[PDB]
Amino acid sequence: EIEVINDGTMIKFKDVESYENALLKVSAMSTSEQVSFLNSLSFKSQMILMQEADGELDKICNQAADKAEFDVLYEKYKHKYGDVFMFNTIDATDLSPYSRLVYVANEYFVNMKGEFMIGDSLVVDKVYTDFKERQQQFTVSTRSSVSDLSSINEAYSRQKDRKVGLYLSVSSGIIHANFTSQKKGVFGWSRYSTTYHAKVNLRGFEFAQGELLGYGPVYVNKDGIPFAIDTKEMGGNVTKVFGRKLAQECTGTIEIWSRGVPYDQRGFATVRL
């Protein structure tokens, strides 16, 4: 038996067996079935609040005309849900509220204080102290990592058994590029030959164009001119004069992929030279 006590503010189970059984039966239902089974019991659990919280976040993203308006709405939203729920302290672009619960499926029966009862025993369910405790791990290593536009002068894409990079530096107006590629073997990562592919869009820039039809290498103006680099097969450590600076600042973006790293998985970087 499931009993709603303390004027619809507490779920009480007969014993451990009743609780574990109700958890299995309720967690196996569809969201609508769960919402209706809880409506049957006239009990608002943390799960019903999560439905509401998620519904309200989706509506805030739809009514907000601009960032400043969203910021006003979202501050009120966080204040509203930021006590029962927890927000992402690592990535501030992740807007969603989170359960504080370690034993996640208990969300169906815990109340607004994270409580439920087994007979005369009160269970204050196990919670995370902070969001960082939930995502905490001893590892630094990942299967895959691809750089975004917040990476400065360094673009990479490390996949499961192939890596590619484009590293930029500048000495007296001369821009140096390092094209890199590795393959995962039985003993680890080692350099291997590949074809490099880049998409360069830079301001105040001259490209060090390679020899073509017996003309060049020559500095070709690419000031705000997007262009592509599709090399021939080369080693895993290629060093090149990438170009020169025409102005005080050389800004823009770079994208890098290879024969082994597909365009979809290309690495990005903002250029500041």
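All residue numbers are counted from 1 along the displayed sequence.
A.B. asks: Check the entry's C-alpha temperature factors for 60-68 and 228-236, then say which stretch has the higher mean.
C.D. replies: Result: 60-68.
A.B. asks: With respect to the recorded C-alpha B factors, which stretch has the higher mean value, 73-81 or 193-201?
C.D. replies: It is 73-81.
A.B. asks: From 143, 134, 176, 126, which pick has the Cα B-factor that tops the rest in the entry?
C.D. replies: Of 143, 134, 176, 126, 134 has the highest C-alpha B-factor.
A.B. asks: Among 42, 221, 209, 46, where is the Cα B factor highest in this entry?
C.D. replies: If I rank 42, 221, 209, 46 by C-alpha B-factor, first place goes to 42.
A.B. asks: Report the third (lowest, middle or highest) to which the CA temperature factor of residue 98 belongs, ranking only the modelled residues of the same chain.
C.D. replies: Lowest third.
A.B. asks: Divide the modelled residues of the chain into thirds by Cα B-factor and specify which third, lowest, middle or highest, holds residue 88.
C.D. replies: Tercile = middle for this residue's CA B-factor.
A.B. asks: Please rank the C-alpha B-factors of the chain's modelled residues and tell me whether residue 9 sits in the lowest, middle or highest third.
C.D. replies: Highest third of the chain for residue 9's C-alpha B-factor.
A.B. asks: Ranking every modelled residue in this chain by its Cα temperature factor as given in the entry, which third contains residue 165?
C.D. replies: Its C-alpha B-factor, which the entry lists for residue 165, ranks in the lowest third among residues of this chain.
A.B. asks: Test of reading the entry: by CA B factor among the chain's modelled residues, which third contains residue 139?
C.D. replies: Residue 139: CA B-factor falls in the highest third of its chain.
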